[PDB]
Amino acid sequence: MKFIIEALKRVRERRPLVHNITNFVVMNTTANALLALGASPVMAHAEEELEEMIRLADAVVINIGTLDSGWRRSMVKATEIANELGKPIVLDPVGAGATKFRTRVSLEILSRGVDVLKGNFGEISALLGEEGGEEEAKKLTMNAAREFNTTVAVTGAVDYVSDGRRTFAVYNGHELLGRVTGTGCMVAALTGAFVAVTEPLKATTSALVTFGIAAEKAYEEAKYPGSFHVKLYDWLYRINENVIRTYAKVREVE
């Protein structure tokens, strides 16, 4: 899809700085994913520097994977600062639905407003439920997008992305991603780079297609978890116009 190739080019030409207030398991992993793609990561959470860092950044990615009271304070404050400045925010509600704490904090951030909400079926369904696979996943994506007035992506074998009016289905990816931790978190981080250079719906769709293709390419070279993980970074770096043209599996729905 044309806007995907152009978005990737924009990310690499502009080299956006993506501020991550993320979890301990994906600190290095999402930073390297961003660098491989062509963006620049910065991980910071101290309330003493949140304003200056978010001012410096082009986008903010919030990941609650390993949150606690201290990080929650930083994440909520960051959301308020980013919204005041108009810096796009990407939220990955890791574990929402698993514990009330995660569901509560996710809704708290969503109440203030984010630009992209990205999670799996269970996480997004839990958020929409508390607040109030294909056809059902598509409906969930749309309802959540309207409910939270933002662009939502419900990831899965087939990913669905919607801003409430338009919807895209992404078929790229590989099941071995299930054996590498924080892959959805990598997508959230990459989305941060794309949203810095293009609107939310196209940015998130572009992130899913790009990462999904990288996963397919990585598997071609490595059939096992360890080597496969390494190849993900290789392909986030190597993916280009020709690869997207030949591997992209995405369509607009409805």
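So that there is no doubt, residue numbering starts at 1 and follows the sequence shown.
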Unmodelled deposited residues flanked by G132 on one side and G133 on the other: 10 or more
Between the two ranges 216-224 and 194-202, the one averaging a larger CA B factor in the entry: 194-202
138-146 versus 85-93 - greater average Cα B-factor per the deposited record: 138-146
Candidate residues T181, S106, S74, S125, the one whose C-alpha B factor the record puts highest: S125
Among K231, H19, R238, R15 - the residue whose C-alpha B-factor is largest in the record: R15
Modelled-residue ranking by C-alpha temperature factor, third containing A98: highest
B-factor third for the C-alpha atom of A157 within its chain: highest
